[PDB]
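The form deposited in one PDB entry is given below as one chain in structure tokens.
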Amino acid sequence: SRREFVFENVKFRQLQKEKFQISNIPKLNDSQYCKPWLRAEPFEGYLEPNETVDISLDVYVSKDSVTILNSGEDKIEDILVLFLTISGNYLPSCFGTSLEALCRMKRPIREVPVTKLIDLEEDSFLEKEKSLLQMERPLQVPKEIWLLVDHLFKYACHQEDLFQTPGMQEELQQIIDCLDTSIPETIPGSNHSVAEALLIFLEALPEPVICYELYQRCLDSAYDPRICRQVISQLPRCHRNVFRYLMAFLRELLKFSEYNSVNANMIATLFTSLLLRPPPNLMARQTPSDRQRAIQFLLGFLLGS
């Protein structure tokens, strides 16, 4: 019935349907089969008469595909077999972009340019060498994380089960689209949704707040809060600012454990796996005592000096 398929404007954590029917499962080299951000269901069955099999095609970019697609490495182009043709375009997101790159962009990653409205004429003598064949101070912290944290500061310090309750999937999308296209005056959604988007953000980061190269150093000094401060100072500029900003926010949260039910241990446990992660290419084993050190490393700042 249908053969050609295109998914226009695909975005992080947004599902797109492309239902269709069949009437009367293969996979090419599973190395060239399909794409992780794409799958079929039902992708196989039994038929013999005229009965129509309404097989659906869905795409969903998760934390595992967001960063390759952002950069461009991968594109919304996948080839199946039965050959199948499908394409579209992927809209970049601040989620899955380095803190480094984000601190250099004062505007949303997808802000609409007003270029076609500007009333002027660039130097024509400057284009005397142009051709159709010939193609500053970084922010202390990404505005995106700032918008999320400042919001929680202002409206969620007294939120019950804060960082224990999962937000609304639908509000998470809004929040994401919001940060990708504007510097909102008010982040939409409930405190739970905003709190989760922050975790999702820290998790999708290409390079953790605490750089991989410093991962082990932190573990080794986890019990000496003074040495931990020093390791932090070793981090690149924006990583250290983002780290310090988060600890300040989390400490502020503790002052209201009475109302929000957050305790140092819970918080430190929750955030450490997002902030302090092992170099993935070393497929390093995660010992239970290494887990305690990773937790202690954060507790040091949440109760330190």
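If you superpose the two forms and keep the largest set of C-alpha atoms that fall within 1.5 Å, you have the rigid core. One-based numbering along the sequence shown.
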In the deposited sequence, how many residues between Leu126 and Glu127 have no modelled coordinates (none, 1 to 3, 4 to 9, 10 or more)?
none
Between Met135 and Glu136, what class does the number of missing deposited residues fall in: none, 1 to 3, 4 to 9, or 10 or more?
4 to 9
Comparing 50-58 with 249-257, the one whose average Cα B-factor in the PDB entry is higher
50-58
For the higher mean C-alpha B factor in the entry, choose 100-108 or 85-93.
85-93
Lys27, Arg277, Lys63, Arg244, ranked by C-alpha B-factor: the highest one:
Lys27
Check the PDB entry and point out which of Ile79, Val209, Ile176, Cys228 has the largest C-alpha temperature factor.
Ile79
Sorting the chain's modelled residues by C-alpha B-factor, tell me whether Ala284 ends up in the lowest, middle or highest third.
middle
Among the chain's modelled residues, which third holds the C-alpha B-factor of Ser273?
lowest
Going by what the PDB entry lists, where does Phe5 fall on CA B-factor within its chain: lowest, middle or highest third?
highest
Chain-relative CA temperature factor third for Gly72:
highest
Please place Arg291 in the lowest, middle or highest third of its chain according to the CA B-factor in the PDB entry.
middle
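If you look for the form deposited in another entry, you will not find it shown, but the lines that follow are about it.
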Can we say the CA of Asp54 moves by at least 2 Å between the shown form and the other one when the core is superposed?
yes
Superposing on the rigid core, I want to see if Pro236 changes position between the shown form and the other one - specifically a Cα shift of 2 Å or more.
no
Is there a C-alpha shift of 2 Å or more at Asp30 between the shown form and the other one once the rigid core is superposed?
yes
